[PDB]
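Visitor: To start, I am sharing the structure in question, which I have written as structure tokens.
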Amino acid sequence: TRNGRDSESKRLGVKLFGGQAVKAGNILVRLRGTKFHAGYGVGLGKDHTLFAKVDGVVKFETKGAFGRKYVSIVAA
Amino acid sequence: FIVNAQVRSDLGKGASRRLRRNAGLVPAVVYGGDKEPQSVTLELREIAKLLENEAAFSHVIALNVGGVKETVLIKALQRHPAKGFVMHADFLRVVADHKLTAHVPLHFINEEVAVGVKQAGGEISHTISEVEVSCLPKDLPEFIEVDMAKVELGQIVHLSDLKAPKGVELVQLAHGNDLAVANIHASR
Amino acid sequence: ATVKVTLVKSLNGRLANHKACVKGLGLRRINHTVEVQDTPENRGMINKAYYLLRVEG
Amino acid sequence: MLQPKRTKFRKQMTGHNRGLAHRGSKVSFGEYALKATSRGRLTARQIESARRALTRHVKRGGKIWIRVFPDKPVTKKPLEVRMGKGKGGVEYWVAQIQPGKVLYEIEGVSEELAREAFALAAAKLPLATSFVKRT
RNA sequence: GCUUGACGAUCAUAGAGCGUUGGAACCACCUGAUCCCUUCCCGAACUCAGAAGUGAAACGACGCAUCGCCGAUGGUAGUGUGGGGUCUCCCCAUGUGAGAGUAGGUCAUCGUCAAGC
RNA sequence: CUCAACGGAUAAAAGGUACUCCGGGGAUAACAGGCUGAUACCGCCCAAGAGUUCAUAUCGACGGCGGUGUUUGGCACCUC
RNA sequence: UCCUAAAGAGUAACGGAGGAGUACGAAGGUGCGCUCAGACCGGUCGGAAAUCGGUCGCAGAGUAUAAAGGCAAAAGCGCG
RNA sequence: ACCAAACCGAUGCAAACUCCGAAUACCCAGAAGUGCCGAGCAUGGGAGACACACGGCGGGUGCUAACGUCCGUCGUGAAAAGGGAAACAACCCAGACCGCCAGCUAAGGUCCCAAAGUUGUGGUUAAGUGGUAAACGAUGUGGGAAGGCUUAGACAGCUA
Ligand SMILES: [Mg+2]
Ligand SMILES: [Mg+2]
Ligand SMILES: [Mg+2]
Ligand SMILES: [Mg+2]
Ligand SMILES: [Mg+2]
Ligand SMILES: [Mg+2]
Ligand SMILES: [Mg+2]
Ligand SMILES: [Mg+2]
Ligand SMILES: [Mg+2]
Ligand SMILES: [Mg+2]
Ligand SMILES: [Mg+2]
Ligand SMILES: [Mg+2]
Ligand SMILES: [Mg+2]
Ligand SMILES: [Mg+2]
Ligand SMILES: [Mg+2]
Ligand SMILES: [Mg+2]
Ligand SMILES: [Mg+2]
Ligand SMILES: [Mg+2]
């Protein structure tokens with residue numbers, strides 16, 4: 001009947017773009033259910049949050065069947 | 001049916017709008033089977049005589065690019081929607097042997113006296129026009145004559161009723177459909 | 001070679017971005033002519049601020 | 001009048017009315033048409049004032065198509081009401097016209113009986129509408 | 001490169017449909033279920049013991065653009081900065097430039113060994 | 001600890017003033033002005049029709065474009 | 001949770017629409033298996049519809065709970 | 001003789017609909033030049049502010065009404081004088097250290113108030129348009145490209 005009541009905007013998005021250099025446990029993408037899949041050396045935590053495990057450069061490559069988006073980190 | 005052209009070595013948006021107000025020209029292209037596409041300027045006055053002609057759409061037109069001559073058939077008319085006038089033309093080279101689909105007008109030649117008109121309630125409603133073609137360019141169908149002087153009331157006309165004379169096919173019969181053409185019904 | 005430029009408009013109603021393209025060339029005020037080393041990245045600043053300038057060669 | 005049967009929502013934004021009309025500017029069914037050369041918006045009672053003008057200057061036959069359909073609800077606040085206590089109720093329905101759009105089509109009549117019939121329907125519409133033929 | 005298997009590379013120009021075709025090597029159906037083992041019932045599936053038969057089915061190759069899928073050139077829509085006008089909308093200079101549609105394409109291309117030439 | 005006035009004044013809290021009072025404010029209302037014209041008012045375009053025939057002697061349904069600031073408003077720029 | 005929100009984050013209105021103040025000792029872990037809805041044909045008391053068999057499917061089903069974003073190593077279903 | 005799923009063909013439209021899809025804006029790296037001699041970051045001392053205003057471009061609301069009102073982003077006022085718009089915080093031009101009876105320019109201008117062309121060239125417009133306004137009406141006029149008939153006699157008028 002009356003309607004205000006929004007929420008407080010959880011600050012999602014994609015950090016660490018296509019040519020960065022990452023540390024051991026950085027946050028790559030704050031996902032909301034797998035826009036991006038776990039590529040070569042990344043983690044996929046509890047609420048589908050991609051994080052690194054090794055060092056290098058982010059790739060953002062599209063692979064395979066289903067055309068899914070794979071975030072791999074390359075030792076380069 | 002004859003028209004002469006030029007070369008148009010200036011592309012883009014800005015150079016393509018100065019043509020239409022300074023010199024009154026219309027852009028075009030000539031793309032075909034064995035050659036490259038070639039852009040072209042034409043005048044708005046000379047296309048106006050051809051577009052006013054009846055069967056000029058389903059007909060071979062010669063083109064003088066420079067002194068270059070080519071038998072050219074027209075399949076597009078981009079047209080200005082607001083005021084109403086011609087924009088760029090986009091026609092086609094004609095090879096002496098190629099399959100060459102195009103579009104053909106209709107006429108409905110004999111409907112002054114029909115069985116549904118003079119006996120029953122008289123209405124004839126033309127649904128379709130501009131039926132396509134798929135024919136070698138050695139024989140050009142300028143038009144197709146359809147006769148509805150004998151079809152009674154309550155009957156419709158499919159595409160199988162009218163015919164395509166002397167080596168002409170119909171693409172809609174090459175698919176699994178047969179579109180209705182004309183109806184005869186009762187007025188209200 | 002080089003090319004000389006001439007600041008022919010004022011800087012006091014402009015953006016925060018054209019006002020730094022002109023300062024990157026080295027122009028301080030109106031009717032002030034400098035020489036630039038005509039690299040591909042020094043003539044990229046000229047293409048932004050083309051209307052404040054008189055590129056008289 | 002002409003309005004949807006049921007709607008997924010109830011009220012809608014205003015928006016704008018930009019651009020020309022590239023799809024909608026070609027005559028498809030009839031052989032004469034009344035296309036619109038000025039932008040505006042039609043309020044679904046003007047359509048019935050213009051339909052009932054064409055359907056009594058013929059009285060013999062022909063066939064009429066109505067190419068445009070209003071689906072955009074508009075609001076109106078009541079009187080002696082200050083501003084800001086919500087949003088007003090839906091009073092009527094609006095189609096949005098932009099230059100080139102074809103409004104009515106006719107066929108099965110003469111070339112000049114129809115020409116003086118769209119003169120009647122143009123005097124009920126708030127737009128500058130022209131006369132066009134099938135090619 | 002040709003033959004069949006295994007594992008990949010690349011994800012439709014590699015798909016679907018139709019047609020055609022293969023053995024005694026491979027593979028598949030097949031024969032039994034006593035002996036492992038299995039079925040909310042059932043040797044269907046799972047598994048074991050095998051070589052009576054077959055290439056039907058399946059599976060590979062080989063053809064067809066009929067559906068699908070890719071897709072030019074030109075024009076057009078929109079838009080950054082600077083100016084305009086009759087200023088709820090557009091226009092000029094300049095940089096940028098789709099989507100849709102058209103001409104046409106497509107019955108994929110490779111790599112690693114093991115058994116065949 | 002429905003401390004839900006959800007960063008939570010205290011273990012523990014309802015109302016009247018036309019008998020009124022002090023400090024302020026045109027950061028804010030009622031009167032008149034200002035900008036606006038939905039409404040109001042005088043008009044004008046198509047003309048189904050009735051005026052026994054005959055749309056325009058007089059009216060004119062369905063709808064459309066303007067003018068004046070005259071009353072019902074909208075806003076809160078001036079003056080507490 | 002969505003829209004306004006201008007293709008990074010953020011962002012107002014007494015702006016348009018909806019939900020929560022919980023369940024669960026398996027509705028958790030693991031190993032092993034397995035696919036939907038719907039249409040249609042045939043089949044006794046059911047019949048537009050129950051259970052069974054069949055082809056067609058190509059996720060249009062499902063997700064303890066709103067909507068959004070997801071799901072074939074199925075994040076969906078069964079067993080130890 | 002009404003009606004009507006579903007399917008085929010043509011045909012339109014959504015802020016809470018997407019098979020698609022830019023310009024810009026954002027990030028990170030590698031370089032040349034310029035920075036008024038610094039631009040950045042960190043630690044300390046001292047504050048003021050937390051009533052905003054208009055204009056341009058995207059929007060909500062409103063009647064796509066208000067110098068209305070709530071946002072996004074640049075600009076000006078606030079805290080900026082000078083020249084222009086007759087006078088006109090917020091629009092165009094340009095940012096005042098002081099002195100000069102010195103010169104060249106910007107927007108705006110050049111008959112007289114009023115500083116500078118009664119300048120040159122090619123046409124238009126007779127209404128004081130210029131120097132306020134809509135549907136709509138009309139042998140106003142200038143230009144353009146096509147037509148319709150015509151010395152076999154057209155169009156007008158005068159006679160049957
Ligand atoms: Mg300043
Ligand atoms: Mg394209
Ligand atoms: Mg008393
Ligand atoms: Mg007092
Ligand atoms: Mg006040
Ligand atoms: Mg005040
Ligand atoms: Mg965003
Ligand atoms: Mg943005
Ligand atoms: Mg679960
Ligand atoms: Mg599994
Ligand atoms: Mg959208
Ligand atoms: Mg405060
Ligand atoms: Mg405040
Ligand atoms: Mg204000
Ligand atoms: Mg205010
Ligand atoms: Mg100074
Ligand atoms: Mg001088
Ligand atoms: Mg003087």
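Residues are referred to by chain and number: the chain letter is A, B, ... according to the order shown in the structure tokens, the number counts from 1 in that chain, and ligands are numbered separately from 1 in the order shown.
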Could you pull out the residues in stretch 9-43 of chain C that DSSP calls alpha helix (DSSP H) from the backbone, as a ChimeraX atom specification?
Guide: /C:18-25
Visitor: What's the 8 Å shell around residue A:20, counting only C-alpha atoms (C1' of nucleotides), without same-chain residues fewer than 4 positions away, as a list in words?
Guide: residues 16, 57 and 58 of chain A; 28 of chain H
Visitor: Please save C-alpha atoms (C1' of nucleotides) of the selected residues as a PDB file, in the first residue's frame.
Guide:
```pdb
ATOM      1  CA  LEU A  16      41.506  -6.775 -10.588  1.00  0.00           C
ATOM      2  CA  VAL A  57      48.412 -12.022 -14.114  1.00  0.00           C
ATOM      3  CA  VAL A  58      44.632 -12.305 -14.545  1.00  0.00           C
TER       4      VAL A  58
ATOM      5  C1'   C H  28      46.495  -1.500 -14.620  1.00  0.00           C
TER       6        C H  28
END
```
Visitor: Quick one: pull the distance between atom CA of residue B:141 and atom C1' of residue E:72, Å, one decimal.
Guide: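 Result for atom CA of residue B:141 versus atom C1' of residue E:72: 29.3 Å, one decimal.
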Visitor: Kindly work out which residues sit at most 9 Å from ligand 16, using only C-alpha atoms (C1' of nucleotides) and all ligand atoms, and give the list as a ChimeraX atom specification.
Guide: /H:95-97
Visitor: What residues in stretch 19-126 of chain D get the DSSP label strand (DSSP E)? Please answer as number ranges by chain.
Guide: D: 32-35, 40-42, 63-66, 72-76, 89-97, 102-107
Visitor: Give me the residues within 9 Å of residue D:80 as a list in words, counting only C-alpha atoms (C1' of nucleotides) and dropping any in the same chain fewer than 4 places off.
Guide: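 So the residues in contact are residues 72, 73 and 74 of chain F.
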Visitor: Would you mind exporting the chosen residues as a PDB file, in the first residue's frame, restricted to N, CA, C and O atoms (P, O5', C5', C4', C3', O3' and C1' of nucleotides)?
Guide:
```
ATOM      1  P     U F  72     -12.258  32.181  -4.915  1.00  0.00           P
ATOM      2  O5'   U F  72     -11.858  30.660  -5.188  1.00  0.00           O
ATOM      3  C5'   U F  72     -12.825  29.630  -5.044  1.00  0.00           C
ATOM      4  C4'   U F  72     -12.390  28.300  -5.621  1.00  0.00           C
ATOM      5  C3'   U F  72     -11.077  27.713  -5.144  1.00  0.00           C
ATOM      6  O3'   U F  72     -11.112  27.203  -3.825  1.00  0.00           O
ATOM      7  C1'   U F  72     -11.303  27.376  -7.474  1.00  0.00           C
ATOM      8  P     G F  73      -9.794  27.295  -2.904  1.00  0.00           P
ATOM      9  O5'   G F  73      -8.618  27.547  -3.946  1.00  0.00           O
ATOM     10  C5'   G F  73      -7.350  26.933  -3.782  1.00  0.00           C
ATOM     11  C4'   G F  73      -7.059  25.945  -4.884  1.00  0.00           C
ATOM     12  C3'   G F  73      -5.626  25.460  -4.973  1.00  0.00           C
ATOM     13  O3'   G F  73      -5.339  24.435  -4.043  1.00  0.00           O
ATOM     14  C1'   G F  73      -6.377  26.060  -7.121  1.00  0.00           C
ATOM     15  P     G F  74      -4.001  24.483  -3.164  1.00  0.00           P
ATOM     16  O5'   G F  74      -2.833  24.317  -4.228  1.00  0.00           O
ATOM     17  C5'   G F  74      -2.627  23.084  -4.894  1.00  0.00           C
ATOM     18  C4'   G F  74      -1.465  23.154  -5.850  1.00  0.00           C
ATOM     19  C3'   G F  74      -0.160  23.662  -5.284  1.00  0.00           C
ATOM     20  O3'   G F  74       0.546  22.698  -4.536  1.00  0.00           O
ATOM     21  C1'   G F  74      -0.574  24.730  -7.325  1.00  0.00           C
TER      22        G F  74
END
```
Visitor: List as a PDB file with C-alpha atoms (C1' of nucleotides), in the first residue's frame the protein and nucleic acid residues lying within 10 Å of ligand 18, with only C-alpha atoms (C1' of nucleotides) and all ligand atoms counted.
Guide:
```pdb
ATOM      1  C1'   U H 110      29.596  51.103 -37.373  1.00  0.00           C
ATOM      2  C1'   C H 111      22.418  57.065 -40.069  1.00  0.00           C
ATOM      3  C1'   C H 112      21.564  60.666 -35.255  1.00  0.00           C
ATOM      4  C1'   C H 113      21.351  60.480 -29.666  1.00  0.00           C
ATOM      5  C1'   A H 114      26.683  57.300 -29.036  1.00  0.00           C
ATOM      6  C1'   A H 115      33.241  55.961 -30.235  1.00  0.00           C
ATOM      7  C1'   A H 116      33.575  53.532 -35.739  1.00  0.00           C
TER       8        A H 116
END
```
Visitor: Please, which residues have at least one atom within 12 Å of an atom of ligand 6, using only C-alpha atoms (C1' of nucleotides) and all ligand atoms, listed as an MDAnalysis selection string?
Guide: (chainID F and resid 25:28 76:79) or (chainID H and resid 51)
Visitor: Next, dump the selected residues to file, keeping only N, CA and C atoms (P, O5', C5', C4', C3', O3' and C1' of nucleotides), as a PDB file, in the first residue's frame.
Guide:
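Generated file (part09.pdb):
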```pdb
ATOM      1  P     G F  25      14.902  36.501  14.671  1.00  0.00           P
ATOM      2  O5'   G F  25      13.976  35.497  13.866  1.00  0.00           O
ATOM      3  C5'   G F  25      14.522  34.341  13.259  1.00  0.00           C
ATOM      4  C4'   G F  25      13.524  33.676  12.354  1.00  0.00           C
ATOM      5  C3'   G F  25      12.888  34.572  11.313  1.00  0.00           C
ATOM      6  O3'   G F  25      13.705  34.762  10.176  1.00  0.00           O
ATOM      7  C1'   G F  25      11.217  33.299  12.389  1.00  0.00           C
ATOM      8  P     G F  26      13.718  36.176   9.419  1.00  0.00           P
ATOM      9  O5'   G F  26      12.198  36.409   9.015  1.00  0.00           O
ATOM     10  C5'   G F  26      11.836  36.724   7.677  1.00  0.00           C
ATOM     11  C4'   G F  26      10.982  35.648   7.067  1.00  0.00           C
ATOM     12  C3'   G F  26      10.885  35.681   5.547  1.00  0.00           C
ATOM     13  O3'   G F  26      10.681  34.350   5.093  1.00  0.00           O
ATOM     14  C1'   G F  26       8.744  35.878   6.449  1.00  0.00           C
ATOM     15  P     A F  27      11.881  33.462   4.513  1.00  0.00           P
ATOM     16  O5'   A F  27      11.884  32.186   5.457  1.00  0.00           O
ATOM     17  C5'   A F  27      13.083  31.724   6.062  1.00  0.00           C
ATOM     18  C4'   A F  27      13.189  30.222   5.988  1.00  0.00           C
ATOM     19  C3'   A F  27      12.217  29.447   6.876  1.00  0.00           C
ATOM     20  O3'   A F  27      11.919  28.193   6.254  1.00  0.00           O
ATOM     21  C1'   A F  27      14.399  28.851   7.427  1.00  0.00           C
ATOM     22  P     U F  28      10.783  28.045   5.125  1.00  0.00           P
ATOM     23  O5'   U F  28       9.577  27.303   5.852  1.00  0.00           O
ATOM     24  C5'   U F  28       8.380  27.003   5.140  1.00  0.00           C
ATOM     25  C4'   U F  28       7.145  27.591   5.785  1.00  0.00           C
ATOM     26  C3'   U F  28       6.981  29.107   5.678  1.00  0.00           C
ATOM     27  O3'   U F  28       5.586  29.421   5.649  1.00  0.00           O
ATOM     28  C1'   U F  28       7.055  28.495   7.941  1.00  0.00           C
ATOM     29  P     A F  76       6.890  24.760  -1.814  1.00  0.00           P
ATOM     30  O5'   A F  76       7.087  26.324  -1.652  1.00  0.00           O
ATOM     31  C5'   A F  76       8.250  27.006  -2.108  1.00  0.00           C
ATOM     32  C4'   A F  76       8.131  28.497  -1.871  1.00  0.00           C
ATOM     33  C3'   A F  76       8.519  28.974  -0.477  1.00  0.00           C
ATOM     34  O3'   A F  76       8.970  30.323  -0.560  1.00  0.00           O
ATOM     35  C1'   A F  76       6.247  29.433  -0.844  1.00  0.00           C
ATOM     36  P     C F  77      10.523  30.692  -0.439  1.00  0.00           P
ATOM     37  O5'   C F  77      10.841  31.456  -1.796  1.00  0.00           O
ATOM     38  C5'   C F  77      12.069  32.131  -1.990  1.00  0.00           C
ATOM     39  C4'   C F  77      11.863  33.487  -2.611  1.00  0.00           C
ATOM     40  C3'   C F  77      11.237  34.546  -1.723  1.00  0.00           C
ATOM     41  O3'   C F  77      12.148  35.168  -0.841  1.00  0.00           O
ATOM     42  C1'   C F  77      10.162  34.556  -3.812  1.00  0.00           C
ATOM     43  P     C F  78      11.728  35.389   0.682  1.00  0.00           P
ATOM     44  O5'   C F  78      11.181  36.875   0.724  1.00  0.00           O
ATOM     45  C5'   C F  78      11.719  37.866  -0.128  1.00  0.00           C
ATOM     46  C4'   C F  78      10.866  39.104  -0.170  1.00  0.00           C
ATOM     47  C3'   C F  78      10.299  39.573   1.146  1.00  0.00           C
ATOM     48  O3'   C F  78      11.259  40.285   1.898  1.00  0.00           O
ATOM     49  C1'   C F  78       8.654  39.714  -0.554  1.00  0.00           C
ATOM     50  P     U F  79      11.550  39.884   3.417  1.00  0.00           P
ATOM     51  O5'   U F  79      10.283  40.432   4.179  1.00  0.00           O
ATOM     52  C5'   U F  79      10.161  41.818   4.405  1.00  0.00           C
ATOM     53  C4'   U F  79       8.790  42.173   4.890  1.00  0.00           C
ATOM     54  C3'   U F  79       8.343  41.503   6.170  1.00  0.00           C
ATOM     55  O3'   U F  79       8.840  42.177   7.315  1.00  0.00           O
ATOM     56  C1'   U F  79       6.600  41.492   4.545  1.00  0.00           C
TER      57        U F  79
ATOM     58  P     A H  51      22.663  21.997   7.360  1.00  0.00           P
ATOM     59  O5'   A H  51      21.678  22.816   6.424  1.00  0.00           O
ATOM     60  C5'   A H  51      21.410  24.200   6.639  1.00  0.00           C
ATOM     61  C4'   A H  51      20.549  24.725   5.520  1.00  0.00           C
ATOM     62  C3'   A H  51      21.291  25.162   4.250  1.00  0.00           C
ATOM     63  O3'   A H  51      20.550  24.718   3.108  1.00  0.00           O
ATOM     64  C1'   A H  51      19.780  26.809   4.886  1.00  0.00           C
TER      65        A H  51
END
```
Visitor: Could you check how far atom CA of residue B:49 sits from atom CA of residue B:5, in Å to one decimal?
Guide: 14.9 Å
Visitor: Of the residues B:65, B:151, B:135, B:89, which is the one nearest to chain E, using only C-alpha atoms (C1' of nucleotides)?
Guide: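 Once distances to chain E are computed over only C-alpha atoms (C1' of nucleotides), the minimum belongs to B:89.
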